[PDB]
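What follows is a short report on a single structure.
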Amino acid sequence: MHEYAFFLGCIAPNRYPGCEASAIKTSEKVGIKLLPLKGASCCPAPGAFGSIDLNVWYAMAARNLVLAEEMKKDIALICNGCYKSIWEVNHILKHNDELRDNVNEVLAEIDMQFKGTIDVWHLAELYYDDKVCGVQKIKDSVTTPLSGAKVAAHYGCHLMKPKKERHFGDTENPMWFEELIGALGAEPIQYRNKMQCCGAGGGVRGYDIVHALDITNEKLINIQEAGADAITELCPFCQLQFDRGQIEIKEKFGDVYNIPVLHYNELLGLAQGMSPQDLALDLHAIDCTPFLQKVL
Amino acid sequence: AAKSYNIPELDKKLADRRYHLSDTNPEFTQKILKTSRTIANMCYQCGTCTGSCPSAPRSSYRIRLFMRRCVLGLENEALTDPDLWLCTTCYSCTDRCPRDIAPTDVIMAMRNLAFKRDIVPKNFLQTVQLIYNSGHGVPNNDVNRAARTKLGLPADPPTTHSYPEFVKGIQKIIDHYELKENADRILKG
Amino acid sequence: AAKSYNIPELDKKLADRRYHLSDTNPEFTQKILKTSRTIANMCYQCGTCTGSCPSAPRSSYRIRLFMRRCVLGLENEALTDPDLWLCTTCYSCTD
Amino acid sequence: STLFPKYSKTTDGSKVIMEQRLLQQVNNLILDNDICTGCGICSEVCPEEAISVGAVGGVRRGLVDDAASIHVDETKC
Amino acid sequence: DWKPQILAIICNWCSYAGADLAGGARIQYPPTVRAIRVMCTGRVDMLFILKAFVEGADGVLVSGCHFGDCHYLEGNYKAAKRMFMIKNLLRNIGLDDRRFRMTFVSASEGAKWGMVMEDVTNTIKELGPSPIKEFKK
Amino acid sequence: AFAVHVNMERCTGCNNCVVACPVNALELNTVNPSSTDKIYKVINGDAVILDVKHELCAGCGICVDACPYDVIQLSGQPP
Amino acid sequence: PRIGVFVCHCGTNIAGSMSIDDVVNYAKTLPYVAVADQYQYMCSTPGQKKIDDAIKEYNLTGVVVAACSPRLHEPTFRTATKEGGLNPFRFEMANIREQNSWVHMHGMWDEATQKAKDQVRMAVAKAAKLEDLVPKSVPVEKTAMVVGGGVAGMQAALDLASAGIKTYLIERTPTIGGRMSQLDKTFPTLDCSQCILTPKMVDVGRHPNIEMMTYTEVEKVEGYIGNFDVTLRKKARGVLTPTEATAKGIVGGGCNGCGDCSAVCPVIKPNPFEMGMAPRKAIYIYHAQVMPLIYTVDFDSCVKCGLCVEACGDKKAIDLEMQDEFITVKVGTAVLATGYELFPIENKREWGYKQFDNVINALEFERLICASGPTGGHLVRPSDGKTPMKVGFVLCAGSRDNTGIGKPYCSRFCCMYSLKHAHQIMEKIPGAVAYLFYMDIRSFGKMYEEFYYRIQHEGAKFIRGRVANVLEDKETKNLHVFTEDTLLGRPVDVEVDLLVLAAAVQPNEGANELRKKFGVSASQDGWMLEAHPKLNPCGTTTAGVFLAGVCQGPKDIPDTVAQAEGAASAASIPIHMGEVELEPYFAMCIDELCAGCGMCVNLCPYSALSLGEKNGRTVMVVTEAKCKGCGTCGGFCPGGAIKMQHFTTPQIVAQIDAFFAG
Amino acid sequence: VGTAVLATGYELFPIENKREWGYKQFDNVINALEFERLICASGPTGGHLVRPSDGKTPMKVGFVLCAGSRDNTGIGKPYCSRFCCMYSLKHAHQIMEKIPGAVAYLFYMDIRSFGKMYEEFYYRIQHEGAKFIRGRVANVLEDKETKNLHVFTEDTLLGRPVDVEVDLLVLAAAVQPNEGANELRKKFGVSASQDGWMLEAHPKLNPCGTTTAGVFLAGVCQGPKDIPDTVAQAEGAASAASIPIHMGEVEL
Ligand SMILES: Cc1cc2nc3c(=O)[nH]c(=O)nc-3n(C[C@H](O)[C@H](O)[C@H](O)COP(=O)(O)OP(=O)(O)OC[C@H]3O[C@@H](n4cnc5c(N)ncnc54)[C@H](O)[C@@H]3O)c2cc1C
Ligand code: SF4
Ligand code: SF4
Ligand code: SF4
Ligand code: SF4
Ligand code: SF4
Ligand code: SF4
Ligand code: SF4
Ligand code: SF4
Ligand code: SF4
Ligand code: SF4
Ligand code: SF4
Ligand code: SF4
Ligand code: SF4
Ligand code: SF4
Ligand code: FES
């Protein structure tokens with residue numbers, strides 16, 4: 001049973017707690033142990049806080065990293081934006097000496113040092129790796145087939161891009177996340193421009209809601225045209241956009257889709273037999289009941 | 001464009017549209033290069049970045065134009081552009097640039113300079129306030145505490161919502177860079 | 001730019017800025033060539049015309065942009081532009 | 001590189017169809033997995049040594065799904 | 001009163017070409033190193049280096065082609081093995097082995113030749129006068 | 001020489017994959033046993049395949065047909 | 001010994017960095033120096049006259065010139081030393097310009113003067129110990145080899161043969177012609193590419209002075225400028241030419257190219273000439289215009305069914321049991337003309353080359369548009385066989401790219417061939433429109449700009465924007481090309497029926513292996529390197545090897561042919577003379593110091609050293625022709641039994657001693 | 001003689017005819033061979049680039065590329081001169097390295113760095129910091145007092161007109177056949193191309209020989225080229241001229 005510190009950023013615990021609950025339960029069912037991070041905070045959200053000040057972005061991400069450093073554990077994440085912040089600041093401060101120095105003399109005011117000893121993983125990346133739980137182990141753990149459901153994957157942008165800074169391979173047409181959805185028994189479908197941004201990154205969600213919603217609506221149109229019955233995602237930002245933004249699209253525009261948006265951990269819980277009440281699917285703006293009728 | 005008339009609407013209408021060598025700020029370019037950590041001066045304006053941007057088809061935002069402004073040193077043209085905050089940082093431009101430039105990193109550096117000159121949307125400042133107060137950009141509320149309890153999780157996550165002693169360290173980090181002292185001042189107006 | 005919303009201010013704000021091949025009017029181009037009696041389809045966008053225009057330094061008028069619109073057939077982009085009447089016909093561009 | 005020698009190996013139902021595309025000319029070695037019997041008189045005979053024999057007992061009993069009785073390297077055939 | 005005496009033995013086909021290119025490009029560096037110019041660095045015998053160090057070279061530099069880029073297919077592998085062994089001998093006779101180094105400079109690296117010149121001069125200046133000159137007496 | 005994979009999560013230790021394998025049954029149940037190596041042995045309650053390098057299996061399907069709660073997947077394609 | 005020291009000013013390039021007067025006075029006070037003197041331009045005729053007058057007057061044994069680099073002016077001053085009654089090799093330079101002045105210009109003058117005095121002292125010390133050498137002259141075999149049967153190889157072979165030298169033309173493939181045989185029409189003249197080539201192929205096939213060896217490779221090369229012992233692998237073609245059949249005893253003949261064999265062969269495989277678009281049997285020719293019309297057998301795919309031999313009948317041209325024969329050929333010079341291949345553009349995933357059906361590259365487009373190709377010359381969509389009406393051309397596909405996937409250089413001809421293809425589609429399909437997504441149209445050659453003007457006049461659309469990514473419509477299989485029109489200033493989404501990628505070119509497969517066999521180095525770009533990038537673009541640093549064609553860097557057919565004839569001329573220079581002088585830097589074994597240990601023998605890359613019998617003692621023997629003067633053996637030998645002729649240990653040690661003299 | 005090789009070279013097109021760039025009328029406007037002599041260390045200056053108007057060192061230098069080239073108006077040449085983009089890059093590098101703090105502005109319309117290592121040279125020049133403005137120069141005005149040159153064009157990529165004031169303007173003028181070259185090629189019986197250069201036997205497969213037997217072309221006289229291409233062409237012509245001499249017979 002591999003053990004990881006569970007970073008747990010802002011949106012999953014405070015808006016979609018079923019995501020974190022299913023994360024812990026399903027990760028324990030497969031051979032992974034997710035340990036609470038002691039006093040972790042907002043990973044300085046890369047858009048809304050990196051746009052303001054890169055130095056304080058570095059300092060806060062480094063503080064989050066040195067918490068798990070003192071814990072002597074590897075970070076595990078469930079958010080693409082949190083992955084950007086944590087993993088990328090870890091990678092930058094493992095190689096840039098003057099930035100290490102600057103962050104360290106900022107952190108020395110709170111009796112705290114960064115040395116760069118741990119690694120950062122996304123939970124879906126762990127589920128895909130073969131040393132850690134693999135696709136076959138996921139298939140083994142699945143107990144409810146979830147058959148006869150068309151499911152559209154949204155990769156997001158901060159997990160895989162830029163490919164010159166990550167290690168997940170092709171960004172033009174990846175299929176790895178489609179294999180994790182196929183392990184659950186749901187057939188993943190392909191839609192036009194599947195690698196498009198959801199529109200919520202960089203603080204655009206806050207600065208220009210209509211612009212962000214138009215970017216989201218382009219995706220929703222493509223997904224409905226494909227014929228999806230739900231949208232899996234690996235990011236609480238993207239889930240919030242696809243969930244709230246459907247309501248804001250219904251009100252600001254006149255478009256109705258009613259497409260449930262679920263984190264992959266929530267689908268994994270549904271596959272492994274967790275209850276909808278135990279997943280808190282009532283906390284989503286868009287009702288999941290048609291999808292539950294199909295897969296149950 | 002003959003000269004300054006001091007009639008504001010006519011100055012706006014007949015603003016000199018012609019680039020002069022007095023318009024270049026090499027200091028601005030050097031600050032951008034340092035902060036962005038990218039080779040931005042090596043752009044040759046192929047248009048791949050704009051061709052990949054998801055914000056371009058629905059707005060006047062042109063990342064290639066911002067790269068050109070960076071190269072030419074057009075400070076007060078880049079920083080005051082309201083389409084500096086339409087980048088979602090999706091990194092498609094960086095993914096595809098043939099010169100290994102990070103235009104989105106150039107955008108991030110430009111946004112930092114805009115904040116230092118006090119141009120910044122209010123959501124950013126409100127997020128600064130929230131993170132200062134609780135350490136969380138999206139904090140917990142009563143209804144989510146009730147939902148977590150009904151799930152079976154503790155009413156608060158293991159974060160600084162349940163360990164408020166780390167909030168003081170976060171606040172010292174923010175105060176060292178004076179982020180709160182600038183955000184509140186800008187919000188006051 | 002996702003589609004037509006029929007809310008006029010949002011349509012104005014999210015107008016599709018992206019050129020499609022449905023936007024080209026070859027009939028418009030042929031009418032322009034006939035009436036102007038010039039080889040307009042042979043422009044290669046050097047910028048000399050705009051560099052010589054006396055209206056360009058004080059307005060948004062770009063004769064090279066108008067030439068590009070003519071070449072691509074962008075009727076309803078060229079004709080409705082209010083900077084179509086800022087040409088003094090000084091003939092420096094032609095010179 | 002060059003694309004048009006498109007080598008494909010599709011399991012269309014119960015027939016494993018091994019194909020070589022060109023613009024207008026194709027080549028389809030089609031194995032009917034309901035009639036194969038697991039003998040190797042197709043692997044012994046292959047002049048070009050492409051056909052190999054797989055899980056004969058499992059496939060002939062129905063307990064194997066992701067394979068046929070025989071595997072043909074359609075790039076070598 | 002003391003100026004370092006550094007001696008370089010540079011091959012004709014990459015290190016001499018690189019030094020010439022640096023000169024042509026007008027890359028400045030201090031005038032402390034004097035070169036010998038053999039055809040390949042395979043020509044460099046160990047006794048050349050040891051003779052230099054016993055006559056009183058404060059430093060010795062041997063510059064040649066990159067591995068795989070020798071004009072004579074493999075003559076700098078022999079030189080590299082010889083200089084590794086020379087580094088070992090100087091360490092065990094108690095002379096400071098950083099008085100000697102072997103750099104691989106291509107024909108197009110005039111800038112790198114200038115940087116090598118600067119770094120060799122700096123290192124020998126830190127090290128100081130060689131001890132042989134007073135140990136002889 | 002195929003590859004067998006045992007889903008440890010639902011293996012009950014029933015040992016009917018060990019008893020039914022005809023390569024395991026070679027040692028004690030053959031006249032003049034030829035090879036005495038064994039694919040499965042139930043260690044700590046789950047079936048462990050000692051045949052790591054996939055040299056002894058013959059894709060018989062006696063072990064897949066034997067496990068009461070299907071848990072053994074047989075791969076007929078090269079690993 | 002009596003040495004003269006002549007210090008050049010180089011016209012203030014040296015006098016503006018040091019004190020030439022002080023250097024000259026120091027040279028006068030140096031030991032062994034008879035005369036020291038200075039001049040403004042020692043490389044000029046008064047400078048050589050000054051050297052010669054000094055030699056005659058002062059009875060000089062050797063000459064030291066404190067001037068520019070030896071790599072720049074050894075031949076000049078060696079010839080000046082010869083003219084004057086000395087050996088050329090009693091001369092030594094002191095580089096005080098490119099290693100003293102130009103690097104110690106600023107704010108340091110007496111330091112540069114001291115460095116110059118030191119360099120002059122070391123040069124004088126070496127020259128006081130130099131002695132007479134005479135360059136070795138070696139005979140040159142009167143044959144030549146040309147590796148590569150493309151336009152550059154064929155032109156070089158024809159040029160050498162018509163100059164009268166017997167020539168070998170080695171081609172790995174069963175036919176000569178190269179890429180130009182695959183081209184359909186040629187920019188900017190729009191001549192039928194295959195048609196213009198057909199005469200020259202016939203000339204090569206008929207020339208009595210050319211030994212055309214198709215379907216053959218170069219296993220190994222040893223030797224030097226004089227004699228290259230080149231071993232060739234004659235791959236098993238499987239079919240006999242009439243000459244070989246008569247030699248083997250079949251009077252009726254060999255292969256006449258009737259085609260019955262391929263009419264009956266049951267195996268069907270892709271044709272590499274048609275870039276895989278077209279079928280060909282196991283016994284085959286690439287196209288109907290191959291020069292040796294001899295019908296290779298593809299033994300990797302033949303099933304030995306024996307139908308081909310029954311079809312061939314009494315001609316008996318097919319030998320299904322043929323094996324790789326090896327031949328050793330002695331040649332005087334060699335010309336390398338290996339050409340190029342298309343860079344693998346499937347690595348650029350944003351342009352769905354392998355993943356979308358209707359995305360092709362420019363050689364596949366050229367085969368599809370040729371009238372002899374898989375189609376009847378009709379461009380049709382690969383996805384469904386329908387005629388396209390909009391075609392996009394992605395220029396710079398994988399080129400001028402610094403991301404590490406593509407090539408950082410321009411491929412030179414891809415702008416021109418894309419213009420040609422746009423013209424061809426607009427003239428062959430009525431109403432079809434060509435869109436070129438370009439980033440610097442490069443029409444630089446003769447009539448190229450006029451070709452560009454004519455294409456724009458016929459109505460190709462030029463969109464200045466590098467393509468960002470390509471999406472495939474799921475149903476119509478149409479391709480959505482996304483970029484920005486940089487001049488218009490807006491993003492675009494052009495939907496085309498067919499997308500053509502103008503991919504970069506790279507050195508052919510196996511070219512690095514062949515150039516390592518011949519001893520040629522590579523460029524920064526990865527192409528074969530030339531002797532001097534400006535004034536010697538054909539010869540290489542290894543003597544007797546010359547470059548021709550795209551193998552040295554991408555070029556159009558005109559530039560390739562000019563380069564090929566230049567290489568043929570350079571390869572003919574030593575063959576016509578018949579003599580060639582080697583540089584007397586050889587190793588010479590001193591036998592009554594050699595102990596016969598044999599340890600030096602393995603230190604020679606060229607195998608110039610061996611153990612032999614002289615006066616009963618086993619000593620080492622140098623093949624002075626094979627030696628190249630590196631000095632590895634002579635730097636090894638512990639007993640000092642190997643002497644390097646112009647860089648002897650006493651000379652080098654005298655230089656070291658003079659450096660430490662104070 | 002048995003054979004003849006023609007290698008007459010080229011001259012710079014008379015750019016004073018393009019009046020909008022005040023070549024002869026403004027002191028500080030020069031062309032690229034005058035710039036090459038001014039920058040050479042053996043030239044009239046001590047290798048120091050100085051302004052012709054007053055002898056002061058320039059700090060901003062403009063390079064007008066395509067000056068009289070790819071021009072269909074009847075004044076300039078309708079062809080590309082091949083090497084003018086490359087030599088302008090060289091001159092920009094030379095000024096930026098010889099005068100500390102000087103800036104080079106290249107007003108360009110298709111940078112053409114096609115040869116071996118040319119694209120890398122272009123990359124290196126941009127890295128050292130030459131400004132590349134994609135716009136053909138419209139006209140040049142001279143400041144009456146400082147003698148500085150106001151260059152007017154549009155930055156086509158930026159989308160705005162520009163007015164760059166430089167101390168020295170260099171015109172990358174087109175090249176044309178040398179003086180008397182037409183007389184010499186009529187003496188030898190060689191024809192001319194559409195472009196005005198000497199014509200070759202077959203434009204693809206015989207770029208050296210002419211239609212008149214025994215006469216061969218070499219160098220820029222057949223069309224503009226860099227020194228590498230010129231030398232390859234020259235050796236090709238020498239080989240073609242040697243073919244009949246070595247045989248000693250030739251069949252009419
Ligand atoms: C799509 C396309 C269109 C083009 N169109 C034009 C055009 O219209 N006009 C124009 O002027 N140019 C055109 N070009 C460029 C033109 O093809 C080249 O200039 C020309 O083919 C160079 O010929 P080459 O002999 O040097 O090389 P190649 O033609 O490639 O010939 C090399 C030959 O050497 C052989 N070979 C390789 N390695 C070995 C080895 N180890 N041993 C033996 N033999 C070997 C190869 O099999 C081949 O036969 C085009 C290029 C492309 C890709
Ligand atoms: S993709 Fe890169 S090179 Fe092209 S315009 Fe954008 S930043 Fe410049
Ligand atoms: S990172 Fe910003 S500029 Fe780049 S493609 Fe995404 S939205 Fe456009
Ligand atoms: S119309 Fe304007 S942009 Fe087009 S070629 Fe003429 S001057 Fe240049
Ligand atoms: S005629 Fe004069 S005003 Fe009109 S576009 Fe031409 S230059 Fe400008
Ligand atoms: S194994 Fe081969 S020979 Fe046997 S039945 Fe199947 S296809 Fe026929
Ligand atoms: S398939 Fe047969 S041989 Fe292989 S492990 Fe199962 S029972 Fe044993
Ligand atoms: S038969 Fe099945 S359940 Fe029993 S031990 Fe074997 S794998 Fe486990
Ligand atoms: S010999 Fe060398 S230093 Fe002397 S004048 Fe000639 S080039 Fe200059
Ligand atoms: S049948 Fe014989 S002669 Fe005819 S083409 Fe074939 S091999 Fe040649
Ligand atoms: S032996 Fe058979 S397979 Fe081979 S070439 Fe002849 S007919 Fe074709
Ligand atoms: S020749 Fe043209 S298309 Fe080819 S790499 Fe160079 S610029 Fe691009
Ligand atoms: S020359 Fe030296 S190394 Fe060679 S055999 Fe003689 S003693 Fe040995
Ligand atoms: S110097 Fe010695 S090792 Fe080098 S080639 Fe000559 S004989 Fe061989
Ligand atoms: S080489 Fe460059 S500057 Fe010269 S004419 Fe051609 S494009 Fe213009
Ligand atoms: S040629 Fe320089 S190390 Fe051998």
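Chain labels follow the order of the structure tokens: the first chain is A, the next B, and so on; residue numbering restarts at 1 in every chain, and ligands are counted from 1 in their shown order.
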
Residues at most 9 Å from residue H:239, counting only C-alpha atoms, excluding those fewer than 5 positions away in the same chain, as a PyMOL selection string? (chain G and resi 159-160+163+565-566+568-570+572) or (chain H and resi 234)

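Once only C-alpha atoms and all ligand atoms are used for the distance check, the residues close to ligand 15 at 7 Å turn out to be residues 444 of chain G; 65, 66, 67, 69, 70, 79, 80, 81, 82, 83, 84, 85, 86, 109, 110, 111, 112, 172 and 174 of chain H.
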
Next, dump the selected residues to file, keeping only N, CA and C atoms, as an mmCIF file, in the first residue's frame.
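See part-v4.cif below for the written result:
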data_model
loop_
_atom_site.group_PDB
_atom_site.id
_atom_site.type_symbol
_atom_site.label_atom_id
_atom_site.label_comp_id
_atom_site.auth_asym_id
_atom_site.auth_seq_id
_atom_site.Cartn_x
_atom_site.Cartn_y
_atom_site.Cartn_z
ATOM 1 N N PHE G 444 14.086 32.774 -54.703
ATOM 2 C CA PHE G 444 15.342 33.502 -54.787
ATOM 3 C C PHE G 444 16.106 33.245 -56.075
ATOM 4 N N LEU H 65 15.888 46.824 -47.390
ATOM 5 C CA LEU H 65 16.042 45.593 -48.174
ATOM 6 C C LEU H 65 15.116 45.655 -49.379
ATOM 7 N N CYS H 66 15.476 45.004 -50.470
ATOM 8 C CA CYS H 66 14.616 44.892 -51.669
ATOM 9 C C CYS H 66 14.664 46.222 -52.417
ATOM 10 N N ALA H 67 15.717 47.003 -52.233
ATOM 11 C CA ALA H 67 15.784 48.338 -52.821
ATOM 12 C C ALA H 67 15.947 48.214 -54.328
ATOM 13 N N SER H 69 14.166 45.937 -56.132
ATOM 14 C CA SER H 69 14.045 44.517 -56.499
ATOM 15 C C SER H 69 12.614 44.019 -56.340
ATOM 16 N N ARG H 70 12.274 42.910 -56.988
ATOM 17 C CA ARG H 70 10.903 42.348 -56.935
ATOM 18 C C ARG H 70 9.994 43.537 -57.226
ATOM 19 N N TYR H 79 13.229 40.845 -60.297
ATOM 20 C CA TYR H 79 13.730 39.609 -59.723
ATOM 21 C C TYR H 79 14.329 39.860 -58.345
ATOM 22 N N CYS H 80 14.640 38.783 -57.648
ATOM 23 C CA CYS H 80 15.329 38.872 -56.350
ATOM 24 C C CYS H 80 16.815 38.812 -56.662
ATOM 25 N N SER H 81 17.614 39.604 -55.981
ATOM 26 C CA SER H 81 19.082 39.611 -56.179
ATOM 27 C C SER H 81 19.763 38.536 -55.329
ATOM 28 N N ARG H 82 19.010 37.681 -54.639
ATOM 29 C CA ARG H 82 19.537 36.469 -53.955
ATOM 30 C C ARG H 82 20.336 36.715 -52.675
ATOM 31 N N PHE H 83 21.341 37.573 -52.684
ATOM 32 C CA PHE H 83 22.247 37.722 -51.517
ATOM 33 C C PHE H 83 22.022 38.963 -50.668
ATOM 34 N N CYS H 84 21.120 39.845 -51.060
ATOM 35 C CA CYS H 84 20.937 41.145 -50.350
ATOM 36 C C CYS H 84 20.310 41.006 -48.954
ATOM 37 N N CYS H 85 19.575 39.938 -48.683
ATOM 38 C CA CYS H 85 19.000 39.722 -47.334
ATOM 39 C C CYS H 85 20.151 39.270 -46.447
ATOM 40 N N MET H 86 21.032 38.439 -46.990
ATOM 41 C CA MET H 86 22.127 37.874 -46.217
ATOM 42 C C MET H 86 23.193 38.915 -45.909
ATOM 43 N N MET H 109 10.934 42.585 -46.306
ATOM 44 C CA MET H 109 9.670 42.138 -46.927
ATOM 45 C C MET H 109 9.961 40.731 -47.405
ATOM 46 N N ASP H 110 10.057 39.748 -46.527
ATOM 47 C CA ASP H 110 10.508 38.360 -46.860
ATOM 48 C C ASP H 110 12.001 38.193 -46.647
ATOM 49 N N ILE H 111 12.449 37.983 -45.418
ATOM 50 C CA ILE H 111 13.827 37.568 -45.159
ATOM 51 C C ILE H 111 14.096 36.244 -45.856
ATOM 52 N N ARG H 112 15.162 36.199 -46.672
ATOM 53 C CA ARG H 112 15.458 35.034 -47.552
ATOM 54 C C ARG H 112 16.809 34.413 -47.175
ATOM 55 N N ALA H 172 19.988 48.206 -49.789
ATOM 56 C CA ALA H 172 20.398 46.920 -50.342
ATOM 57 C C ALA H 172 19.915 46.857 -51.787
ATOM 58 N N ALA H 174 19.558 46.348 -55.908
ATOM 59 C CA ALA H 174 19.586 45.203 -56.797
ATOM 60 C C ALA H 174 20.881 45.182 -57.602
#

Could you give me, as a VMD selection string, each residue of chain E that DSSP assigns to strand (DSSP E or B) when run on this structure's backbone? chain E and resid 6 to 11 33 to 35 38 59 to 64 100 to 104

Once you have the residues from the selection above, write them out as a short mmCIF file (atom, residue, chain, number, x, y, z; two decimals), in the first residue's frame, restricted to N, CA and C atoms.
data_model
loop_
_atom_site.label_atom_id
_atom_site.label_comp_id
_atom_site.auth_asym_id
_atom_site.auth_seq_id
_atom_site.Cartn_x
_atom_site.Cartn_y
_atom_site.Cartn_z
N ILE E 6 51.77 29.65 -18.22
CA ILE E 6 50.88 28.59 -18.67
C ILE E 6 51.25 28.22 -20.10
N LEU E 7 51.33 26.93 -20.37
CA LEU E 7 51.71 26.41 -21.67
C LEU E 7 50.56 25.58 -22.21
N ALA E 8 50.18 25.83 -23.45
CA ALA E 8 49.11 25.08 -24.09
C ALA E 8 49.68 24.29 -25.26
N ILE E 9 49.13 23.11 -25.48
CA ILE E 9 49.52 22.24 -26.59
C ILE E 9 48.23 21.91 -27.31
N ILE E 10 47.96 22.59 -28.41
CA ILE E 10 46.66 22.54 -29.05
C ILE E 10 46.80 21.86 -30.40
N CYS E 11 45.83 21.01 -30.73
CA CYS E 11 45.87 20.33 -32.01
C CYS E 11 45.61 21.32 -33.13
N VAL E 33 48.75 32.63 -21.78
CA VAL E 33 48.95 31.28 -22.31
C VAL E 33 49.69 31.37 -23.63
N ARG E 34 50.70 30.52 -23.81
CA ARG E 34 51.42 30.39 -25.06
C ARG E 34 51.30 28.96 -25.57
N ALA E 35 51.05 28.80 -26.87
CA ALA E 35 50.68 27.52 -27.45
C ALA E 35 51.79 26.93 -28.30
N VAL E 38 50.67 21.10 -32.12
CA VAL E 38 50.98 19.81 -32.73
C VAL E 38 49.84 19.43 -33.66
N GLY E 59 51.11 26.12 -15.01
CA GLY E 59 49.99 25.33 -15.48
C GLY E 59 50.29 24.81 -16.87
N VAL E 60 49.59 23.75 -17.24
CA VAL E 60 49.69 23.16 -18.56
C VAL E 60 48.29 22.87 -19.05
N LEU E 61 48.01 23.24 -20.28
CA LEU E 61 46.72 22.99 -20.90
C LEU E 61 46.93 22.22 -22.19
N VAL E 62 46.09 21.21 -22.43
CA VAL E 62 46.13 20.43 -23.65
C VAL E 62 44.74 20.49 -24.25
N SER E 63 44.62 21.01 -25.46
CA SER E 63 43.32 21.24 -26.05
C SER E 63 43.21 20.47 -27.35
N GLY E 64 42.10 19.77 -27.54
CA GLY E 64 41.93 18.98 -28.73
C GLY E 64 40.50 18.89 -29.21
N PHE E 100 46.82 21.12 -14.28
CA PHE E 100 46.75 20.51 -15.59
C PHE E 100 45.30 20.22 -15.94
N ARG E 101 44.92 20.46 -17.19
CA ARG E 101 43.60 20.08 -17.65
C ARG E 101 43.64 19.87 -19.15
N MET E 102 42.64 19.15 -19.66
CA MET E 102 42.51 18.92 -21.09
C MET E 102 41.11 19.32 -21.51
N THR E 103 41.01 20.29 -22.41
CA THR E 103 39.74 20.79 -22.89
C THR E 103 39.51 20.32 -24.31
N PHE E 104 38.24 20.12 -24.66
CA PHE E 104 37.85 19.72 -26.00
C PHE E 104 37.15 20.90 -26.64
#

Between C:26, C:54, C:8, C:73, smallest distance to chain H by only C-alpha atoms belongs to C:54

Distance filter 8 Å around ligand 2, atoms: only C-alpha atoms and all ligand atoms, out as number ranges by chain: B: 40, 42-50, 63-64, 67-68, 93-94, 96-103; G: 466

At most 10 Å from ligand 16 (only C-alpha atoms and all ligand atoms): residue list as a VMD selection string: (chain E and resid 10 to 17 37 to 44 62 to 80 104 to 107) or (chain G and resid 630 to 632)

Would you list the residues that come within 6 Å of ligand 12? Count only C-alpha atoms and all ligand atoms and give the answer as a PyMOL selection string. chain G and resi 395-396+399+410-415+440-442

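The residue set within 12 Å of residue A:209, counting only C-alpha atoms and dropping same-chain residues fewer than 6 places from it, reads residues 199, 200, 201, 203, 215, 216, 217, 241, 244, 245, 248, 249 and 252 of chain A; 85, 86, 88 and 123 of chain B; 10 of chain C.
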
List the spatial neighbours of residue B:138 as number ranges by chain - criterion: any atom at most 12 Å away, only C-alpha atoms, same-chain residues fewer than 2 positions off excluded. A: 9-16, 41-45, 48, 236-237, 240; B: 126-136, 140-141, 144, 161

Give me, as a list in words, the residues of chain D touching chain G, with the criterion being at most 8 Å (counting only C-alpha atoms). residues 1, 2, 3, 4, 5, 22, 23, 25, 47, 48 and 76 of chain D
